[PDB]
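To start, the structure itself, in structure tokens.
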2 protein chains.
Amino acid sequence: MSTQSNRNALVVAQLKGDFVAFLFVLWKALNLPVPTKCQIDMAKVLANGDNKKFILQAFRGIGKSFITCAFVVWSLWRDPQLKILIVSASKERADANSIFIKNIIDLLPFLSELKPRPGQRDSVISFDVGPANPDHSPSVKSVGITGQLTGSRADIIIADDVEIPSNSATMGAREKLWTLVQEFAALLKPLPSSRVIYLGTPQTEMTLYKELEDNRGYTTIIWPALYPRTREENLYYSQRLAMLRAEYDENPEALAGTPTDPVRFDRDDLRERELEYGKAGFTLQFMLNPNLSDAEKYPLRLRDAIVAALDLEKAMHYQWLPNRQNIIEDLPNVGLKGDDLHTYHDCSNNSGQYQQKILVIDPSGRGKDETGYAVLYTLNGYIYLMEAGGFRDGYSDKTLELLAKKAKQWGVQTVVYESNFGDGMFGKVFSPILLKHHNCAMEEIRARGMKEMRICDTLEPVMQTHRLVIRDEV
Amino acid sequence: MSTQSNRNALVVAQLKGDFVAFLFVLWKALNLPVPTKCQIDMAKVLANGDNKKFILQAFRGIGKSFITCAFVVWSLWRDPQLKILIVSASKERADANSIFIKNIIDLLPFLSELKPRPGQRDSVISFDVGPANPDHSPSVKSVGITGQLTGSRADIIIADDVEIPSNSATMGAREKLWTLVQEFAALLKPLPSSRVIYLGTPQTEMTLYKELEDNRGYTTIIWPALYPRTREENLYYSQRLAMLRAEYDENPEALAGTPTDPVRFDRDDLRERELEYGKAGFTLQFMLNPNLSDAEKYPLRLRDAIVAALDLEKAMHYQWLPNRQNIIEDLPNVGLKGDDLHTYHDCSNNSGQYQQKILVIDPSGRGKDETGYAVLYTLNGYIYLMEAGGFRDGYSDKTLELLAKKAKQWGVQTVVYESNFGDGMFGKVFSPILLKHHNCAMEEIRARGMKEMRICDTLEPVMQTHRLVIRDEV
């Protein structure tokens with residue numbers, strides 16, 4: 001039984017965390033820690049099974065340390081007779097983190113508890129020093145670069161409040177070899193958990209903004225905000241209000257302090273994917289649309305190559321079809337179809353086709369959503385309209401498969417580049433207005449309350465398509 | 001037992017040499033010869049398992065004969081009922097060599113000792129004459145060309161003090177057929193050990209300089225110097241000083257005599273790979289580098305092909321990125337990145353990429369060292385930055401595999417040619433200054449004490465790449 005249970009905890013962190021990690025209460029004695037949805041999400045994200053490198057952009061006044069401690073415990077307690085854990089922090093701050101990890105360890109049952117060799121010996125700063133084997137060492141990040149290089153067979157690095165470590169660039173550079181091509185690859189094959197976990201609240205457009213952006217440009221992990229603490233979701237009268245805790249917290253303080261403390265927003269910038277510095281320069285071309293939702297910016301020309309992207313409307317929002325002049329070095333948007341009048345799942349393929357045909361048999365890349373897959377078939381070369389210029393990443397998927405997060409991520413990342421470096425020129429008014437509100441929805445981007453992102457999202461498909469080798473001359 | 005031990009000695013020369021080769025001392029009787037690290041290295045290098053043709057550039061006052069004798073013994077004693085051994089030498093000198101080989105043979109136990117048919121009979125100059133079968137014949141090299149041609153079923157040729165044999169060109173030409181395409185190939189298949197071993201101290205830029213250079217241009221074998229005699233490493237007070245033996249030896253004589261006797265340096269030349277005759281003509285273009293370590297000599301031009309080589313810094317030294325204009329018949333160096341500020345294993349790939357992209361999507365050949373393999377991945381077409389112009393010799397190795405000595409050897413050899421024949425033009429000041437000190441580190445080249453070779457070593461990658469067929473139009 002013991003072997004099965006130990007192994008169970010070993011590869012199911014959530015179960016281990018919910019069952020064995022305790023706090024010792026004064027009224028109820030040793031009780032189970034009541035994990036929160038954000039903490040549970042964070043535990044899953046930090047595991048050998050999933051990735052290796054994780055970065056959290058969290059707000060302040062979230063009991064993050066409670067989870068970080070449970071993870072670090074779980075790591076050392078279930079390591080394959082191996083592994084050194086070190087943290088980078090300017091304080092005593094890293095000592096506080098390991099204290100909590102020790103608070104977790106000390107409450108474990110015998111069978112899950114490895115024997116303790118060292119434990120804050122000499123009033124440090126360290127547990128399980130020397131072979132035993134796993135260890136956790138609290139370190140100042142200000143010293144290390146020294147801490148990173150000096151470590152012998154490092155397995156995990158946790159970096160507390162990474163955004164508030166001054167002169168981090170050298171310490172960060174020291175980290176690169178430890179993770180990036182890389183003893184990390186070699187240790188991961190051995191099943192060496194560890195790994196790099198960074199968690200902290202933002203601090204302007206410093207080094208961390210670069211870390212978060214590079215991560216978010218590729219993935220959408222991870223960020224929780226004041227709302228993650230569900231106790232705040234109930235007012236003084238003990239009724240759910242999703243509203244007053246925020247009002248009360250805004251008062252007895254400041255709005256500038258509330259974004260600083262409970263929002264994890266970066267200072268010197270809005271959320272928007274496209275910088276306002278660029279959204280201000282963007283001019284449009286006003287045009288009167290057809291009976292359908294077509295806006296013609298520049299008419300089709302013979303011997304010009306066009307590309308079309310289509311983000312169909314599942315139900316809420318609109319169908320968005322951009323047509324982009326691909327001929328020259330600078331891609332211009334020459335025509336857009338924007339409509340929510342399509343009550344029929346059914347008459348769009350023909351309507352879209354005449355614009356695709358109008359633009360020199362324009363190849364089209366359709367977002368494969370419920371309606372998408374759909375419209376795919378009707379305008380397929382084989383399905384109904386026999387249109388031979390429908391782009392597909394596979395034969396099962398007659399367009400852009402939206403499975404796996406990455407396509408949208410890099411599609412947004414390439415979007416940003418294309419629009420900002422002025423490789424792609426947008427003419428549609430409603431286009432740029434959607435960009436105005438297509439901002440951070442950590443860990444991705446979306447349209448804020450009461451706005452649509454249909455136009456922007458179908459340009460995201462173009463952005464993703466932009467990366468593709470086949471696109472390098474459709 | 002005897003069969004196993006005999007066979008053991010047969011294919012483990014070091015073991016045979018350490019266990020059975022003796023000297024007979026006056027105070028301790030028959031004792032084992034105490035092999036030295038240089039002698040051990042030399043024994044390994046002369047074996048059927050390894051090569052066939054070996055050349056040693058040794059200093060004088062090294063007991064080389066002690067090893068040469070042990071090898072020649074081992075050859076004849078463990079030949080497959082075969083093999084004639086002859087040496088080329090102007091003396092009685094070759095007679096002295098075989099005397100020592102006889103001194104080794106005579107001390108062997110019965111089971112390792114083959115029966116002696118002839119043994120200095122008629123006051124020669126020969127042992128084991130006629131079928132028996134193996135034999136060793138002391139010969140003057142001055143006569144042979146006669147000695148080489150006249151031999152019947154020669155198996156090994158050892159050439160004593162090859163650098164001091166006058167009118168060797170004819171004797172050398174006689175040797176060519178015996179080794180080079182070649183009865184040697186045919187005898188090696190039979191398991192015929194032998195083979196050609198040349199050992200001697202240098203004597204200016206004669207025929208031997210050509211032999212050593214041709215060998216060193218391809219391989220890095222073999223050379224030991226006064227320091228190989230570890231007794232010299234301890235002073236009068238019997239304390240290790242790695243310093244005074246050399247001082248004492250420089251005194252009671254001359255510095256010109258010490259390079260002549262204990263250094264194995266060639267007279268009419270410095271160590272440098274590039275001749276000073278060429279290093280004097282080399283002009284540079286002074287430029288102010290970027291925030292990074294980029295020096296731009298000539299800006300990128302449309303429709304010009306560029307090549308980039310990158311030797312990453314493991315820890316000590318610098319990261320070196322040359323960019324070479326490959327368009328014309330004469331390759332010019334148009335830009336160099338030289339930095340040791342990269343504390344991050346981690347931000348280099350992006351920085352390098354912008355220069356590669358700046359130079360018309362410049363393909364790059366990265367040295368696969370710990371950091372290399374690394375930077376490889378991040379700028380890989382698949383790994384992180386998705387750069388599609390990263391040269392690789394394999395799919396596992398995303399650049400220049402530094403395994404096996406040969407790449408560096410021929411890379412240096414091609415370097416030398418490119419720079420001297422003026423096919424490659426170097427503009428960087430620090431480039432040519434590194435060449436100034438990139439000299440003989442037998443059997444290769446490196447940077448002498450307190451100098452860097454990062455810039456030169458990354459040009460070596462270009463030189464090796466220069467040979468590659470794929471390079472003949474990247």
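Identifiers in the structure tokens: chain A, B, ... in order shown; residue index from 1 per chain; ligand index from 1 in order shown.
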
- Filtered DSSP result for segment 112-314 of chain A, state strand (DSSP E or B), as a VMD selection string: chain A and resid 119 127 135 to 140 154 to 160 196 to 200 203 205 234 240 294 to 296 306 to 311

- Message: I'd like the neighbourhood of residue 72 of chain A as a PyMOL selection string, where a residue qualifies if any of its atoms comes within 9 Å (using only C-alpha atoms), though same-chain residues fewer than 5 positions away should be ignored.
- Response: chain A and resi 67+77+85+98+101+136+158

Keeping only C-alpha atoms, take the residues you just selected and write them out as an mmCIF file, in the first residue's frame.
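As a result, again_14.cif now contains:
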data_model
loop_
_atom_site.group_PDB
_atom_site.id
_atom_site.type_symbol
_atom_site.label_atom_id
_atom_site.label_comp_id
_atom_site.auth_asym_id
_atom_site.auth_seq_id
_atom_site.Cartn_x
_atom_site.Cartn_y
_atom_site.Cartn_z
ATOM 1 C CA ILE A 67 1.993 26.986 -3.055
ATOM 2 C CA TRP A 77 10.609 14.700 -1.107
ATOM 3 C CA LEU A 85 17.319 23.448 -5.101
ATOM 4 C CA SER A 98 12.311 27.825 2.591
ATOM 5 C CA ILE A 101 8.771 24.729 2.705
ATOM 6 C CA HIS A 136 17.144 23.510 -0.619
ATOM 7 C CA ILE A 158 13.227 29.273 -7.938
#

- Task: Dump as a list in words the residues of chain B that approach chain A to within 6 Å, counting only C-alpha atoms.
- Result: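 Result: residues 343, 344, 345, 346 and 374 of chain B.
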
Writer output for current selection, N, CA, C and O atoms, as a PDB file, in the first residue's frame:
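Generated output (again.pdb):
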ATOM      1  N   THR B 343      27.183  37.370 -19.751  1.00  0.00           N
ATOM      2  CA  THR B 343      27.065  36.596 -18.501  1.00  0.00           C
ATOM      3  C   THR B 343      25.913  35.587 -18.619  1.00  0.00           C
ATOM      4  O   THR B 343      25.902  34.538 -17.984  1.00  0.00           O
ATOM      5  N   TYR B 344      24.966  35.930 -19.486  1.00  0.00           N
ATOM      6  CA  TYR B 344      23.782  35.094 -19.717  1.00  0.00           C
ATOM      7  C   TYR B 344      24.204  34.157 -20.832  1.00  0.00           C
ATOM      8  O   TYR B 344      24.708  34.591 -21.869  1.00  0.00           O
ATOM      9  N   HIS B 345      23.945  32.881 -20.601  1.00  0.00           N
ATOM     10  CA  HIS B 345      24.086  31.817 -21.615  1.00  0.00           C
ATOM     11  C   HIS B 345      23.064  32.044 -22.751  1.00  0.00           C
ATOM     12  O   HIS B 345      22.935  31.258 -23.681  1.00  0.00           O
ATOM     13  N   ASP B 346      22.440  33.216 -22.741  1.00  0.00           N
ATOM     14  CA  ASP B 346      20.996  33.285 -22.977  1.00  0.00           C
ATOM     15  C   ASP B 346      20.512  34.413 -23.884  1.00  0.00           C
ATOM     16  O   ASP B 346      19.480  34.257 -24.525  1.00  0.00           O
ATOM     17  N   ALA B 374      24.326  24.762 -27.359  1.00  0.00           N
ATOM     18  CA  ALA B 374      23.478  25.701 -26.839  1.00  0.00           C
ATOM     19  C   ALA B 374      22.955  26.761 -27.868  1.00  0.00           C
ATOM     20  O   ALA B 374      21.856  26.893 -28.419  1.00  0.00           O
TER      21      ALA B 374
END

- Message: If we count only C-alpha atoms and set the cut-off at 10 Å, which residues sit around residue 397 of chain A, ignoring sequence neighbours fewer than 6 positions away in its own chain? Please answer as a list in words.
- Response: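 Close residues of residue 397 of chain A: residues 366, 367, 368, 373, 376, 377 and 391 of chain A.
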
Expected file: the selected residues, N, CA and C atoms, as a short mmCIF file (atom, residue, chain, number, x, y, z; two decimals), in the first residue's frame:
data_model
loop_
_atom_site.label_atom_id
_atom_site.label_comp_id
_atom_site.auth_asym_id
_atom_site.auth_seq_id
_atom_site.Cartn_x
_atom_site.Cartn_y
_atom_site.Cartn_z
N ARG A 366 -8.67 29.63 -43.43
CA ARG A 366 -9.84 29.74 -42.52
C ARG A 366 -9.55 29.16 -41.13
N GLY A 367 -9.94 29.89 -40.12
CA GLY A 367 -9.83 29.43 -38.72
C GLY A 367 -10.80 28.25 -38.54
N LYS A 368 -10.24 27.09 -38.19
CA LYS A 368 -11.06 25.89 -37.99
C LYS A 368 -11.74 25.92 -36.62
N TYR A 373 -14.61 25.02 -39.82
CA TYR A 373 -14.47 23.66 -40.39
C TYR A 373 -15.51 23.45 -41.45
N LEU A 376 -15.12 25.76 -44.48
CA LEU A 376 -14.09 24.98 -45.13
C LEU A 376 -14.52 23.99 -46.19
N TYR A 377 -15.40 23.15 -45.72
CA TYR A 377 -15.96 22.09 -46.53
C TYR A 377 -16.64 22.71 -47.75
N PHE A 391 -6.28 27.13 -48.15
CA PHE A 391 -5.07 26.71 -47.43
C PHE A 391 -5.43 25.80 -46.25
#

- Message: I want to know what sits within 12 Å of residue 270 of chain A, based on only C-alpha atoms, with residues of the same chain fewer than 4 positions away left out; could you give that as a list in words?
- Response: residues 204, 205, 259, 265, 266, 274, 275, 276, 277, 279, 436, 437, 438, 439, 440 and 441 of chain A

- Message: Quick one: residues within 10 Å of residue 5 of chain A, only C-alpha atoms, excluding same-chain residues fewer than 4 positions away - as JSON, numbers by chain?
- Response: {"A": [1, 9, 10, 16, 111, 112]}

Would you mind exporting the chosen residues as a short mmCIF file (atom, residue, chain, number, x, y, z; two decimals), in the first residue's frame, restricted to N, CA and C atoms?
data_model
loop_
_atom_site.label_atom_id
_atom_site.label_comp_id
_atom_site.auth_asym_id
_atom_site.auth_seq_id
_atom_site.Cartn_x
_atom_site.Cartn_y
_atom_site.Cartn_z
N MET A 1 0.83 -1.23 0.00
CA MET A 1 0.00 0.00 0.00
C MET A 1 0.86 1.27 0.00
N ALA A 9 1.65 10.10 -4.79
CA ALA A 9 2.05 11.47 -4.42
C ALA A 9 3.19 11.96 -5.31
N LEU A 10 4.06 11.03 -5.69
CA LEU A 10 5.24 11.33 -6.49
C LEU A 10 4.86 11.92 -7.84
N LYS A 16 -1.05 15.12 -3.63
CA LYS A 16 -0.09 15.23 -2.52
C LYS A 16 -0.34 16.50 -1.70
N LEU A 111 6.35 8.25 6.11
CA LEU A 111 6.57 7.57 4.84
C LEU A 111 6.84 8.53 3.66
N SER A 112 6.37 9.75 3.79
CA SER A 112 6.56 10.77 2.75
C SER A 112 7.72 11.69 3.10
#

- Got a sec: who's within 12 Å of residue 385 of chain A, counting only C-alpha atoms, leaving out chain neighbours fewer than 3 positions off, as a PyMOL selection string? chain A and resi 347-354+357+375-382+388-390

Generate the output file for the selected residues, N, CA, C and O atoms, as a PDB file, in the first residue's frame.
ATOM      1  N   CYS A 347     -24.719  30.462 -46.371  1.00  0.00           N
ATOM      2  CA  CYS A 347     -24.608  31.263 -47.605  1.00  0.00           C
ATOM      3  C   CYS A 347     -23.293  32.049 -47.681  1.00  0.00           C
ATOM      4  O   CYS A 347     -23.013  32.737 -48.660  1.00  0.00           O
ATOM      5  N   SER A 348     -22.480  31.897 -46.639  1.00  0.00           N
ATOM      6  CA  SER A 348     -21.210  32.619 -46.538  1.00  0.00           C
ATOM      7  C   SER A 348     -20.165  32.127 -47.544  1.00  0.00           C
ATOM      8  O   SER A 348     -19.469  32.914 -48.170  1.00  0.00           O
ATOM      9  N   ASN A 349     -20.039  30.819 -47.694  1.00  0.00           N
ATOM     10  CA  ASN A 349     -19.017  30.271 -48.600  1.00  0.00           C
ATOM     11  C   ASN A 349     -19.071  30.855 -50.012  1.00  0.00           C
ATOM     12  O   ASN A 349     -18.043  31.271 -50.537  1.00  0.00           O
ATOM     13  N   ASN A 350     -20.284  30.968 -50.554  1.00  0.00           N
ATOM     14  CA  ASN A 350     -20.469  31.568 -51.883  1.00  0.00           C
ATOM     15  C   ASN A 350     -20.087  33.043 -51.889  1.00  0.00           C
ATOM     16  O   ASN A 350     -19.265  33.447 -52.699  1.00  0.00           O
ATOM     17  N   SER A 351     -20.575  33.778 -50.894  1.00  0.00           N
ATOM     18  CA  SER A 351     -20.312  35.224 -50.783  1.00  0.00           C
ATOM     19  C   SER A 351     -18.812  35.525 -50.679  1.00  0.00           C
ATOM     20  O   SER A 351     -18.293  36.376 -51.400  1.00  0.00           O
ATOM     21  N   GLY A 352     -18.129  34.731 -49.845  1.00  0.00           N
ATOM     22  CA  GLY A 352     -16.674  34.856 -49.650  1.00  0.00           C
ATOM     23  C   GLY A 352     -15.925  34.508 -50.941  1.00  0.00           C
ATOM     24  O   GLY A 352     -14.984  35.195 -51.334  1.00  0.00           O
ATOM     25  N   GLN A 353     -16.436  33.493 -51.641  1.00  0.00           N
ATOM     26  CA  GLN A 353     -15.808  32.977 -52.867  1.00  0.00           C
ATOM     27  C   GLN A 353     -15.693  34.049 -53.956  1.00  0.00           C
ATOM     28  O   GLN A 353     -14.639  34.179 -54.568  1.00  0.00           O
ATOM     29  N   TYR A 354     -16.755  34.823 -54.139  1.00  0.00           N
ATOM     30  CA  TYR A 354     -16.781  35.851 -55.184  1.00  0.00           C
ATOM     31  C   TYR A 354     -15.733  36.912 -54.913  1.00  0.00           C
ATOM     32  O   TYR A 354     -15.153  37.358 -55.867  1.00  0.00           O
ATOM     33  N   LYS A 357     -12.365  35.118 -55.668  1.00  0.00           N
ATOM     34  CA  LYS A 357     -12.262  35.010 -57.130  1.00  0.00           C
ATOM     35  C   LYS A 357     -12.005  36.383 -57.757  1.00  0.00           C
ATOM     36  O   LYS A 357     -11.306  36.491 -58.763  1.00  0.00           O
ATOM     37  N   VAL A 375     -17.469  26.127 -43.080  1.00  0.00           N
ATOM     38  CA  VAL A 375     -17.222  26.934 -44.295  1.00  0.00           C
ATOM     39  C   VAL A 375     -16.060  26.379 -45.160  1.00  0.00           C
ATOM     40  O   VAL A 375     -16.153  26.240 -46.373  1.00  0.00           O
ATOM     41  N   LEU A 376     -15.118  25.760 -44.477  1.00  0.00           N
ATOM     42  CA  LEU A 376     -14.093  24.979 -45.127  1.00  0.00           C
ATOM     43  C   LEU A 376     -14.517  23.991 -46.189  1.00  0.00           C
ATOM     44  O   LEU A 376     -14.098  23.994 -47.341  1.00  0.00           O
ATOM     45  N   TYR A 377     -15.405  23.154 -45.717  1.00  0.00           N
ATOM     46  CA  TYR A 377     -15.957  22.091 -46.528  1.00  0.00           C
ATOM     47  C   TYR A 377     -16.641  22.713 -47.749  1.00  0.00           C
ATOM     48  O   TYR A 377     -16.180  22.595 -48.868  1.00  0.00           O
ATOM     49  N   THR A 378     -17.544  23.642 -47.580  1.00  0.00           N
ATOM     50  CA  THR A 378     -18.322  24.146 -48.726  1.00  0.00           C
ATOM     51  C   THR A 378     -17.430  24.773 -49.797  1.00  0.00           C
ATOM     52  O   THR A 378     -17.686  24.598 -50.980  1.00  0.00           O
ATOM     53  N   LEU A 379     -16.395  25.481 -49.369  1.00  0.00           N
ATOM     54  CA  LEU A 379     -15.478  26.133 -50.317  1.00  0.00           C
ATOM     55  C   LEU A 379     -14.237  25.245 -50.544  1.00  0.00           C
ATOM     56  O   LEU A 379     -13.300  25.521 -51.278  1.00  0.00           O
ATOM     57  N   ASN A 380     -14.318  24.010 -50.130  1.00  0.00           N
ATOM     58  CA  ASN A 380     -13.225  23.071 -50.385  1.00  0.00           C
ATOM     59  C   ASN A 380     -13.211  22.743 -51.885  1.00  0.00           C
ATOM     60  O   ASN A 380     -14.254  22.734 -52.538  1.00  0.00           O
ATOM     61  N   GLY A 381     -12.002  22.477 -52.376  1.00  0.00           N
ATOM     62  CA  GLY A 381     -11.770  21.986 -53.745  1.00  0.00           C
ATOM     63  C   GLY A 381     -12.525  20.682 -54.050  1.00  0.00           C
ATOM     64  O   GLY A 381     -12.710  20.333 -55.210  1.00  0.00           O
ATOM     65  N   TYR A 382     -12.920  19.973 -52.999  1.00  0.00           N
ATOM     66  CA  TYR A 382     -13.588  18.670 -53.125  1.00  0.00           C
ATOM     67  C   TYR A 382     -15.006  18.703 -52.564  1.00  0.00           C
ATOM     68  O   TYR A 382     -15.874  17.956 -53.008  1.00  0.00           O
ATOM     69  N   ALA A 388     -10.269  25.690 -55.371  1.00  0.00           N
ATOM     70  CA  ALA A 388      -8.971  24.995 -55.241  1.00  0.00           C
ATOM     71  C   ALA A 388      -7.913  25.777 -54.451  1.00  0.00           C
ATOM     72  O   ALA A 388      -6.794  25.325 -54.239  1.00  0.00           O
ATOM     73  N   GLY A 389      -8.280  26.952 -53.966  1.00  0.00           N
ATOM     74  CA  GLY A 389      -7.331  27.835 -53.241  1.00  0.00           C
ATOM     75  C   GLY A 389      -7.754  28.062 -51.777  1.00  0.00           C
ATOM     76  O   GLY A 389      -7.943  29.182 -51.301  1.00  0.00           O
ATOM     77  N   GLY A 390      -7.912  26.936 -51.081  1.00  0.00           N
ATOM     78  CA  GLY A 390      -8.191  26.921 -49.631  1.00  0.00           C
ATOM     79  C   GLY A 390      -6.991  26.302 -48.909  1.00  0.00           C
ATOM     80  O   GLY A 390      -6.677  25.132 -49.117  1.00  0.00           O
TER      81      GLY A 390
END

- Query: Hey, can you check how far atom CA of residue 359 of chain B sits from atom CA of residue 333 of chain B?
  - Reply: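 Those two atoms sit 12.0 Å apart.
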
- Message: Need to verify the contact set: residue 59 of chain A, 8 Å, only C-alpha atoms, exclusion of same-chain residues closer than 2 positions in sequence. Can you return it as JSON, numbers by chain?
- Response: {"A": [57, 61, 62, 200, 201, 202, 224, 225, 226, 260, 261, 262, 263, 264]}

Could the residues in this selection be saved with N, CA, C and O atoms as a short mmCIF file (atom, residue, chain, number, x, y, z; two decimals), in the first residue's frame?
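Listed below is the output, again09.cif:
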data_model
loop_
_atom_site.label_atom_id
_atom_site.label_comp_id
_atom_site.auth_asym_id
_atom_site.auth_seq_id
_atom_site.Cartn_x
_atom_site.Cartn_y
_atom_site.Cartn_z
N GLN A 57 3.27 35.71 -13.33
CA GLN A 57 3.07 37.13 -13.12
C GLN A 57 1.87 37.28 -12.19
O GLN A 57 0.72 37.26 -12.55
N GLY A 61 -0.34 40.18 -2.08
CA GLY A 61 -1.45 39.75 -1.20
C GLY A 61 -2.16 38.48 -1.71
O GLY A 61 -3.33 38.26 -1.43
N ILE A 62 -1.47 37.69 -2.51
CA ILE A 62 -1.88 36.31 -2.82
C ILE A 62 -0.88 35.41 -2.11
O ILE A 62 0.32 35.61 -2.25
N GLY A 200 6.61 36.50 -9.39
CA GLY A 200 6.71 37.86 -8.85
C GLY A 200 5.66 38.79 -9.45
O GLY A 200 5.01 38.46 -10.44
N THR A 201 5.43 39.85 -8.70
CA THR A 201 4.60 40.97 -9.17
C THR A 201 5.47 41.82 -10.13
O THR A 201 6.69 41.87 -9.95
N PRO A 202 4.86 42.46 -11.12
CA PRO A 202 5.56 43.26 -12.14
C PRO A 202 6.11 44.53 -11.52
O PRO A 202 5.59 45.05 -10.53
N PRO A 224 -2.35 35.00 -11.92
CA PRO A 224 -3.54 35.22 -11.08
C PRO A 224 -3.50 36.62 -10.46
O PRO A 224 -2.39 37.10 -10.19
N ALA A 225 -4.71 37.17 -10.23
CA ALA A 225 -5.05 38.48 -9.63
C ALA A 225 -5.94 38.57 -8.40
O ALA A 225 -6.15 37.61 -7.73
N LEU A 226 -6.12 39.68 -7.73
CA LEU A 226 -6.88 39.70 -6.47
C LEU A 226 -8.10 38.76 -6.41
O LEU A 226 -8.35 38.10 -5.41
N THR A 260 -0.93 48.38 -8.57
CA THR A 260 0.41 48.06 -8.07
C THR A 260 0.38 46.81 -7.19
O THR A 260 1.30 46.01 -7.21
N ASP A 261 -0.68 46.69 -6.39
CA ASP A 261 -0.73 45.65 -5.37
C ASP A 261 -1.54 44.43 -5.87
O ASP A 261 -1.09 43.31 -5.71
N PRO A 262 -2.77 44.64 -6.35
CA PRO A 262 -3.63 43.52 -6.76
C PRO A 262 -3.93 43.28 -8.24
O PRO A 262 -4.81 42.46 -8.52
N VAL A 263 -3.17 43.85 -9.18
CA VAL A 263 -3.53 43.67 -10.60
C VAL A 263 -2.45 43.04 -11.48
O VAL A 263 -2.72 42.61 -12.60
N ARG A 264 -1.19 43.14 -11.06
CA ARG A 264 -0.06 42.62 -11.85
C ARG A 264 0.01 43.23 -13.26
O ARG A 264 0.37 42.62 -14.27
#

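Nearest residue to residue 422 of chain A among A:304, A:330, A:243, A:126 is A:330, counting only C-alpha atoms.
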
- Task: Could you please write out, as an MDAnalysis selection string, every residue of segment 36-139 of chain B that DSSP assigns to alpha helix (DSSP H)?
- Result: chainID B and resid 37:45 64:77 93:105

Let me see the file: selected residues, C-alpha atoms, as a PDB file, in the first residue's frame.
ATOM      1  CA  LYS B  37      54.341   9.804 -19.614  1.00  0.00           C
ATOM      2  CA  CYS B  38      55.858  10.935 -22.917  1.00  0.00           C
ATOM      3  CA  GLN B  39      57.235   7.452 -23.627  1.00  0.00           C
ATOM      4  CA  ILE B  40      53.871   5.875 -22.771  1.00  0.00           C
ATOM      5  CA  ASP B  41      52.130   8.314 -25.148  1.00  0.00           C
ATOM      6  CA  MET B  42      54.660   7.437 -27.841  1.00  0.00           C
ATOM      7  CA  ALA B  43      54.159   3.674 -27.419  1.00  0.00           C
ATOM      8  CA  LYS B  44      50.377   4.035 -27.835  1.00  0.00           C
ATOM      9  CA  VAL B  45      50.860   6.163 -30.922  1.00  0.00           C
ATOM     10  CA  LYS B  64      63.749   8.341 -26.544  1.00  0.00           C
ATOM     11  CA  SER B  65      65.927   5.324 -27.470  1.00  0.00           C
ATOM     12  CA  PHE B  66      64.574   3.562 -24.361  1.00  0.00           C
ATOM     13  CA  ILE B  67      61.068   3.707 -25.811  1.00  0.00           C
ATOM     14  CA  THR B  68      62.031   3.185 -29.432  1.00  0.00           C
ATOM     15  CA  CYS B  69      63.854   0.012 -28.340  1.00  0.00           C
ATOM     16  CA  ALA B  70      60.844  -1.240 -26.342  1.00  0.00           C
ATOM     17  CA  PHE B  71      58.570  -0.708 -29.360  1.00  0.00           C
ATOM     18  CA  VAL B  72      60.881  -2.388 -31.878  1.00  0.00           C
ATOM     19  CA  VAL B  73      61.271  -5.296 -29.447  1.00  0.00           C
ATOM     20  CA  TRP B  74      57.491  -5.573 -28.961  1.00  0.00           C
ATOM     21  CA  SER B  75      57.047  -5.553 -32.756  1.00  0.00           C
ATOM     22  CA  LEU B  76      59.431  -8.433 -33.530  1.00  0.00           C
ATOM     23  CA  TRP B  77      58.499 -10.464 -30.452  1.00  0.00           C
ATOM     24  CA  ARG B  93      73.768   5.340 -34.831  1.00  0.00           C
ATOM     25  CA  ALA B  94      71.263   2.744 -36.088  1.00  0.00           C
ATOM     26  CA  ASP B  95      73.500   0.035 -34.601  1.00  0.00           C
ATOM     27  CA  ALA B  96      73.192   1.773 -31.210  1.00  0.00           C
ATOM     28  CA  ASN B  97      69.377   1.743 -31.507  1.00  0.00           C
ATOM     29  CA  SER B  98      69.196  -2.006 -32.163  1.00  0.00           C
ATOM     30  CA  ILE B  99      71.720  -2.602 -29.385  1.00  0.00           C
ATOM     31  CA  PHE B 100      69.149  -1.156 -26.968  1.00  0.00           C
ATOM     32  CA  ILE B 101      66.409  -3.225 -28.574  1.00  0.00           C
ATOM     33  CA  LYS B 102      68.652  -6.254 -27.978  1.00  0.00           C
ATOM     34  CA  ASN B 103      69.134  -5.045 -24.384  1.00  0.00           C
ATOM     35  CA  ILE B 104      65.331  -5.198 -24.059  1.00  0.00           C
ATOM     36  CA  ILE B 105      64.957  -8.567 -25.801  1.00  0.00           C
TER      37      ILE B 105
END

- Query: In Å, how far is it from atom CA of residue 137 of chain A to atom CA of residue 20 of chain A?
  - Reply: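 That distance, rounded to one decimal, is 22.9 Å.
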
- Message: For a test of reading the model, state the distance in Å between atom CA of residue 328 of chain B and atom CA of residue 362 of chain B, rounded to one decimal.
- Response: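 Here the two named atoms are 15.7 Å from each other.
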